[PDB]
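Derivation of every value follows stated rules applied to the coordinates shown; laboratory data play no part. Here the Cβ is made from the backbone with ideal geometry for all residues, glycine too, and neighbour counts use every protein chain on show.
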Amino acid sequence: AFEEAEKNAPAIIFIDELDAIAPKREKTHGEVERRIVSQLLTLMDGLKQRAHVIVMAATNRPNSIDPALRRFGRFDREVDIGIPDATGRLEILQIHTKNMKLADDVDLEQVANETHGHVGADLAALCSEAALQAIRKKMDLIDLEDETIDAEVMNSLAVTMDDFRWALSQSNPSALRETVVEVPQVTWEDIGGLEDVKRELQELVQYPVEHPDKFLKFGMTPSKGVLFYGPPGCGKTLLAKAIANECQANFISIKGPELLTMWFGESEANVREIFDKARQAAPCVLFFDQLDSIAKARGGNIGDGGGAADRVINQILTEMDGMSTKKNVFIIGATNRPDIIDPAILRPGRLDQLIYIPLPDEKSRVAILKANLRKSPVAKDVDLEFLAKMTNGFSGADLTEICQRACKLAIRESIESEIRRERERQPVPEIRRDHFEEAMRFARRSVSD
Amino acid sequence: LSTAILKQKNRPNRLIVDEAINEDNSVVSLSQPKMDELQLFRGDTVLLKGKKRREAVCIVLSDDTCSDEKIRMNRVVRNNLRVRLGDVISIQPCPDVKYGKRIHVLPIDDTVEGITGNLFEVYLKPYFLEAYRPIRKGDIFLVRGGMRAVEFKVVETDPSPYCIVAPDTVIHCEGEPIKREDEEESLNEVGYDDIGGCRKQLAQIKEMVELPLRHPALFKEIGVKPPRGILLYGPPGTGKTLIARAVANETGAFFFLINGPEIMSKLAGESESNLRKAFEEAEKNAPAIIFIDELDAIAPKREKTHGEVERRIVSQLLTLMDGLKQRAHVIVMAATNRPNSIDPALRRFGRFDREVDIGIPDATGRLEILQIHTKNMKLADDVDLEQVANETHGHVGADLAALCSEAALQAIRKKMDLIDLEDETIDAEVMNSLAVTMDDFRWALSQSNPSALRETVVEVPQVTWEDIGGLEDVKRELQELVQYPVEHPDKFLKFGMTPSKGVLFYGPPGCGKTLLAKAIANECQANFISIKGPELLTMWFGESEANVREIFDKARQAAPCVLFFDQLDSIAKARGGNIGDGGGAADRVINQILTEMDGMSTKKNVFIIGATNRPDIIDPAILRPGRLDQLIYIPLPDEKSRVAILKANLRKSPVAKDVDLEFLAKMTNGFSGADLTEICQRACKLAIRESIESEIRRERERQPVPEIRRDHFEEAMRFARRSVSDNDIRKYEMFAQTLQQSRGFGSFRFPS
Amino acid sequence: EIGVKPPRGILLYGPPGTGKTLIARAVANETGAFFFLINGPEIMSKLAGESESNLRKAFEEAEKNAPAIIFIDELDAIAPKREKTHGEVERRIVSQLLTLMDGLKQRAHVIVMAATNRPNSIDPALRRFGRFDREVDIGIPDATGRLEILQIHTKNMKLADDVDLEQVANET
Ligand SMILES: Nc1ncnc2c1ncn2[C@@H]1O[C@H](COP(=O)(O)OP(=O)(O)OP(=O)(O)O)[C@@H](O)[C@H]1O
Ligand SMILES: Nc1ncnc2c1ncn2[C@@H]1O[C@H](COP(=O)(O)OP(=O)(O)OP(=O)(O)O)[C@@H](O)[C@H]1O
Ligand SMILES: Nc1ncnc2c1ncn2[C@@H]1O[C@H](COP(=O)(O)OP(=O)(O)OP(=O)(O)O)[C@@H](O)[C@H]1O
Ligand SMILES: Nc1ncnc2c1ncn2[C@@H]1O[C@H](COP(=O)(O)OP(=O)(O)OP(=O)(O)O)[C@@H](O)[C@H]1O
Ligand SMILES: [Mg+2]
Ligand SMILES: [Mg+2]
Ligand SMILES: [Mg+2]
Ligand SMILES: [Mg+2]
């Protein structure tokens, strides 16, 4: 290959999947592959004396390339083809959609603004999905079993803005495809109270991406860490769900102990790759549920057991320091046992902001009771103010289970009435005060003082 | 929209296939109004559409009996078209129909057995003499005569594929007979109809594969490239390979099959060569479909893989699917059980852009699967498939097939008295009498169990709700808990509230918690997974949480499922109090459970039940509503409950009438249920001892106790003791009192 | 006539010594079907792609002669869980077995029998209906069962009159 490159000059050599042919020599366990890596190094050295031949390589994994290949004189210039920003996404959309039969109503700038982490292949996926939806709209008139299509239907073919809206609802970045979970539909008015915390979260998620200019003007680097700590059942995971559904920033939701693996070094590799795929999709929100599972007080693991927990937390602190300020990755940690958390992760620069989710107050309890019953037919005689008054120490989960007990009693009564009517053959339009009274009789406080 | 591709839209041409009273193999009869709509004259040649890329040509006729929406057809044409009665087929005139220059026909191997006369002379020569019968390749027509009627199949038609039989046309029976097994296999080819459930998934598959080949003009007009890659992922037995067979059987494109490990070869660089040859062969035939079965075998993560050959194969696949040279009209499909094991680079838009999730069917889905499976089987009138669909809770479709096979096997078993293994043949009367009945399906349902739960299955001592005494409110509450979200979901939707899905039983030892669990496991209509507390824990790092996650995943797959933790305080304890425990492995397990019961993932229909002797040490976060919503206290029985317990233990045992259970219940105060059972068992033992001594005395004399009496109970009572002391009672009552005082009021009344 | 395909998979599990291989031998000698024996570890080889080839040739030879019975003794050695195993050759041999038992091309008349001491080590996909139709449990014999075993064993040997196999069955 290098000979044929030399014979015909000037020439370009393209090596696709470089990490496939050139892994680390010390990692490789095969003689032939080590010989091949050495051959590549020698051929770069020979290329140095070559006049008109330039080699270009592409790799998904920059790290897997042998560090000697990254040394000066061999692949001297490295170009990082990062994810596009909003203007770049608009340019890609305009280039792709030159041949397509776009309608007049569609404007590409909105579509560019909507997408966050798409890398240019996801945009093509979005365009194809929208075209497929447009074709689906015409499949009532024309059937698949049919052999020919009328020319009028063919002229009817066009992509509207409804199609791009459908595709944007369906779309998802390829990197996040590995780690996606079905999150229940939760909106900001579903959460009762905590208005200050809602506004703070909206600010901290929206300001650095929307207006970095103010932060650079005042010389303040924005805080990229939040810690949620409070009693059980107060709404940390609920706020995470709301941020996932509503906010326009990618969400990576992870349980705590899911990173850990018995093999040596796998847990650190998982931490590195999760932070990596968080960077690739910025602006992204990385939510650590049950943070005390991973970050515990150092030295206990070394004292008893393998001790890999200490190396995991060291790796997490390293990756937290590594990410740049300009990059939009916001890290949220939720915990209901804040005391066992390693103080190193609370040190300034990492999880700077600490938000305490308090046990709800009277107005908070009123808001919670209103929010829970918004979708349920409830009699006007039901007084939520009295329920908030009586439940002084109840948390949000307790109020929810009170309402669920009322609903279950209503269901039971309806089933009894239905069985009575069926038996005589061979009621409850809404939850009343009786159901709430019985549910309150079954109520109990989840969190002690 | 999504299901629009599946709908037939009631096009006028499609007509209901109907039995033809007098039509022959090569003619069809239609109503006069339909022909007037179709402008089809009598005796005209038409082309008939069929399933699985099957077509045949027949002479249209006029029939008065035939309906407007129906077409009267012979069994021969249905066999040619692979269409059952009632299927809709389009009828169109054959264009440029020509007389057959020469036709070659081959009879079936089974029929030619026992035919002394020549097949051509006895059958072919008179039938094809002035027949003027249009035929097509692959058509099998039955010919009468001889000792057995011989089916004849025209393998070759000149001109292909449409021709007219003429007397001057040459007919010959030369050649190997057509194998009966081959014809049966051609009959049993699955299509899109054999797939049950997952209508949206089937629609998406058809949009990916069927639509571009049928109508490339649509995509060219809209100017986009249709998706080229499909990944089918789901738990085993849901039907990914069945969809692959359906696509292979009824598509016009070239189908090339790659099985995962089959690529590997001993020589260096031979696996990459195998992949390249496969893709090159697909590209040679232009519109092609490549199905890579068991993709996770040959596409692991490149970071995780330690072998150079495997990583080189993955990179070869990546460059084949996307590179400098793009595929020219080649569709690539893959089916994997473990979608996450695939390398992330393959899951990009270029290569595997559409991932179609074949999931566990719901009740209507498995009813549809059952109808598809049993349309071929012989069934009686008493069999009701709605019941069988409602009972089978977590079955995926392979399990429903297992249920059908078990019912058929039982039906055959019922006739072992008549049938003989030694005899070489069986009577035809028995064959007529043999049919699957509802009792066979009931027995199969008794045996049946989901394949996912085969590993976590345990024999249960077969308790029933009547064996438990007392605890009536707890019984009714558990029955409501399991039954309401399953049998009455529309009520919850109307009230717009999700059910509570957690219960904790705590109380003194021997009071009836594991007994309630056994009753639920035996009776209720929900799958049961039973977990001993410390069974999940493992010495390896990170493995314990893996076991917890796997068990919760199994519970989610087989929903509605009940998950029972026999000793919850072993696995869920207050965090941070363990000096050793590895590297806080117990705390990590507790965190994993906390995340699984209530986390980001949407709630499914899984009920967690836990039992504990010491509810104080259990982590406070576990007891929060949303995880173990309802705490139920199983107290020491009072007098009425003690009467009920004594009656429930003694219902099978023959006891004398003079025994007064009310007096026993009155005297025994503070006795747990286990204590009363021990009293009954001791009385039984004393009776057995008395019987043994009487028998020994009788045997000695040669060379009693029909029922348990009051003296045995008196001895058993003098041996009796109280198992649970007053300190234990006090501490349980203290936990209950803490909860009651936390309530803030025994009674709550709204103001007037 | 009944309209279903007969079951084509069997798994025999039980503690060591119960008689799984004895049942395999009895079925092999008593049936008019081509019997092929596969031992678990006998399949695997150092070279890449040779163990899968051994499985393919075994199933191909079974396909050529019909009806056939394949007995994979110590299946737990050849088919561990793909989640747990780290080595690639084990995962690929499990996948090859899966695709051979039930794939796009289905075995028409091959019946696969397998004996394993520990059934839970088997890959959960193999325990599915299509692959291993049902699992037969060869358990510890009862008193009457062990008396029958004693009578079968002792018919060949010479036995004096005083021997009482009833009591010998009672004591064990
Ligand atoms: N402020 C609130 N408004 C509405 N619902 C609430 C509120 N607080 C709690 N809930 C209800 O309780 C649950 C929220 O619990 P969540 O998962 O947010 O708690 P958490 O703070 O993460 O606690 P844990 O320590 O138990 O994990 C939901 O079922 C929700 O309906
Ligand atoms: N939707 C369905 N309708 C009818 N039968 C079905 C359906 N899905 C599966 N089956 C039955 O299950 C078997 C096909 O299962 P299949 O081979 O497709 O599973 P799979 O998803 O490939 O599993 P594995 O993970 O083991 O590869 C056949 O017996 C078929 O009758
Ligand atoms: N209410 C009851 N009715 C009938 N039998 C009962 C009752 N309560 C206990 N028993 C008897 O108790 C025995 C089993 O006790 P069980 O398994 O219910 O105890 P447990 O509460 O789970 O205790 P442990 O603390 O030991 O786990 C059986 O013999 C059963 O008959
Ligand atoms: N049911 C039985 N009836 C008669 N003899 C038996 C029976 N079970 C076992 N044996 C005797 O015990 C011997 C050992 O049994 P066998 O080789 O079948 O064990 P196994 O269960 O297959 O063991 P492994 O764990 O090694 O696979 C047999 O050769 C036979 O002599
Ligand atoms: Mg939470
Ligand atoms: Mg499969
Ligand atoms: Mg118990
Ligand atoms: Mg053996």
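Among (1) part of a loop (DSSP other than H, G, I, E, B); (2) closer than 30 Å to residue B:393 by Cα; (3) not acidic (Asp, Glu), where does residue B:592 come up short?
(1)
Counting only residues that are outside any strand (DSSP E or B) and of a type in the set (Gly, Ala, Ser), which one in region C:99-119 is surrounded by the most Cβ atoms within 10 Å (Cβ to Cβ)?
Applying the filter and picking the extreme gives C:103.
Please specify each residue of region C:17-32 satisfying the condition of being within 16 Å of ligand 4 (Cβ to nearest atom) and over 20 Å from residue C:148 (Cβ atoms).
Passing the criteria: only C:28.
Results for (1) surrounded by 17 or more Cβ atoms within 10 Å (Cβ to Cβ); (2) within 11 Å of ligand 3 (Cβ to nearest atom); (3) within 21 Å of residue B:508 (Cα to Cα), shown as yes or no for each residue.
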{"residue": "B:623", "(1), (2), (3)": "yes, no, yes"}
{"residue": "B:626", "(1), (2), (3)": "yes, no, no"}
{"residue": "B:661", "(1), (2), (3)": "yes, no, no"}
{"residue": "B:676", "(1), (2), (3)": "yes, yes, yes"}
{"residue": "B:685", "(1), (2), (3)": "no, no, no"}
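Any idea which residue in region B:170-185 is nearest to residue B:369 (Cα to Cα), counting only those that are surrounded by 16 or more Cβ atoms within 10 Å (Cβ to Cβ) and not aliphatic (A, V, I, L, M)?
Per the stated criteria, the residue is B:183.
Output the helices (runs of 4 or more DSSP H) that fall wholly within region A:150-235 and possess 3 or more residues being charged (D, E, K, R), or say none.
Qualifying helices (runs of 4 or more DSSP H): A:161-170, A:195-210, A:212-218.
Just checking, how many residues over region B:601-624 are under 28 Å from the mean Cα position of the chain (by Cα) and assigned to a loop (DSSP other than H, G, I, E, B)?
The qualifying residues number 5.
Does residue B:223 count as more than 7 Å from every other protein chain (Cβ to nearest Cβ) and surrounded by fewer than 21 Cβ atoms within 10 Å (Cβ to Cβ)?
no
Among the residues of region B:322-363, count how many are within 12 Å of chain A (Cβ to nearest Cβ) and over 28 Å from the mean Cα position of the chain (by Cα).
Of the residues in region B:322-363, 12 are within 12 Å of chain A (Cβ to nearest Cβ) and over 28 Å from the mean Cα position of the chain (by Cα).
One residue is enough: does region A:159-169 have a residue meeting the conditions within 30 Å of residue A:273 (Cα to Cα) and buried (at least 18 other Cβ atoms within 10 Å of the Cβ)?
yes
Determine whether region B:536-556 contains at least one residue that is assigned to a helix (DSSP H, G or I), away from ligand 1 (no atom under 16 Å from the Cβ) and under 19 Å from residue B:631 (Cβ atoms).
The answer is no, given that none of the residues of region B:536-556 is assigned to a helix (DSSP H, G or I), away from ligand 1 (no atom under 16 Å from the Cβ) and under 19 Å from residue B:631 (Cβ atoms).
Out of the residues in region C:120-145 that are within 16 Å of ligand 4 (Cβ to nearest atom) and assigned to a loop (DSSP other than H, G, I, E, B), which is farthest from residue C:45 (Cα to Cα)?
C:142
Return yes when residue B:617 is aliphatic (A, V, I, L, M) and either within 16 Å of ligand 2 (Cβ to nearest atom) or in contact with a strand residue (DSSP E or B) (Cβ under 7 Å, 6 or more places away or on another chain) (or both) and no when it is not.
It is false that residue B:617 is aliphatic (A, V, I, L, M) and either within 16 Å of ligand 2 (Cβ to nearest atom) or in contact with a strand residue (DSSP E or B) (Cβ under 7 Å, 6 or more places away or on another chain) (or both).
Let me confirm something: among A:447, A:378, A:366, which residue is surrounded by 13 or more Cβ atoms within 10 Å (Cβ to Cβ), among the aliphatic types (A, V, I, L, M) and facing chain B (nearest Cβ under 9 Å)?
So the residue among A:447, A:378, A:366 that is surrounded by 13 or more Cβ atoms within 10 Å (Cβ to Cβ), among the aliphatic types (A, V, I, L, M) and facing chain B (nearest Cβ under 9 Å) is A:447.
So in region A:403-426, with the set limited to residues that are facing another protein chain (nearest Cβ under 9 Å) and aliphatic (A, V, I, L, M), which one is surrounded by the fewest Cβ atoms within 10 Å (Cβ to Cβ)?
A:415
So how many residues does region A:33-48 have that are within 17 Å of residue A:13 (Cα to Cα) and within 14 Å of another protein chain (Cβ to nearest Cβ)?
Of the residues in that region, 2 qualify.
If a residue counts only when it is of a type in the set (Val, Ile, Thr) and away from ligand 6 (no atom under 16 Å from the Cβ), which strands (runs of 3 or more DSSP E) contained entirely in region B:276-362 have at least 2 such residues?
Passing ranges, in order: B:330-336.
Here is a list: B:308, B:280, B:303. Which entry is more than 8 Å from every other protein chain (Cβ to nearest Cβ) and over 23 Å from residue B:206 (Cα atoms)?
Result of the check over B:308, B:280, B:303: B:280.
Across region B:270-284, what is the total count of residues that are surrounded by 13 or more Cβ atoms within 10 Å (Cβ to Cβ) and over 18 Å from residue B:229 (Cα atoms)?
Residues meeting the conditions: 5.
Is it the case that some residue within region A:119-140 is β-branched (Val, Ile, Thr) and facing chain B (nearest Cβ under 8 Å)?
Yes; the residues of region A:119-140 include at least one that is β-branched (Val, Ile, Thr) and facing chain B (nearest Cβ under 8 Å).
Answer with yes or no whether residue B:541 is within 30 Å of residue B:366 (Cα to Cα) and among the aromatic types (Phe, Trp, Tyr).
no
Would you point out which residue out of C:110, C:94 is more than 16 Å from ligand 8 (Cβ to nearest atom) and more than 11 Å from chain B (Cβ to nearest Cβ)?
Answer to the selection: C:110.
Restricting region B:599-614 to residues that are more than 10 Å from chain A (Cβ to nearest Cβ) and surrounded by fewer than 19 Cβ atoms within 10 Å (Cβ to Cβ), which is nearest to ligand 6 (Cβ to nearest atom)?
Restricting to residues being more than 10 Å from chain A (Cβ to nearest Cβ) and surrounded by fewer than 19 Cβ atoms within 10 Å (Cβ to Cβ), the top hit is B:605.
Determine if region A:372-379 includes at least one residue that is of a type in the set (A, V, I, L, M, F, W, C) and within 26 Å of residue A:200 (Cβ to Cβ).
No, region A:372-379 has no match at all.
Test each condition in (1) farther than 30 Å from residue B:431 by Cβ; (2) within 14 Å of chain B (Cβ to nearest Cβ) for residue C:72 and report the one that comes out false.
Among (1) farther than 30 Å from residue B:431 by Cβ; (2) within 14 Å of chain B (Cβ to nearest Cβ), residue C:72 violates only (2).
Please enumerate the residues belonging to region A:22-55 that are over 34 Å from the mean Cα position of the chain (by Cα) and within 28 Å of residue B:344 (Cα to Cα).
Result: A:25, A:26, A:28, A:29, A:30, A:32, A:33, A:34, A:36, A:37, A:40, A:55.
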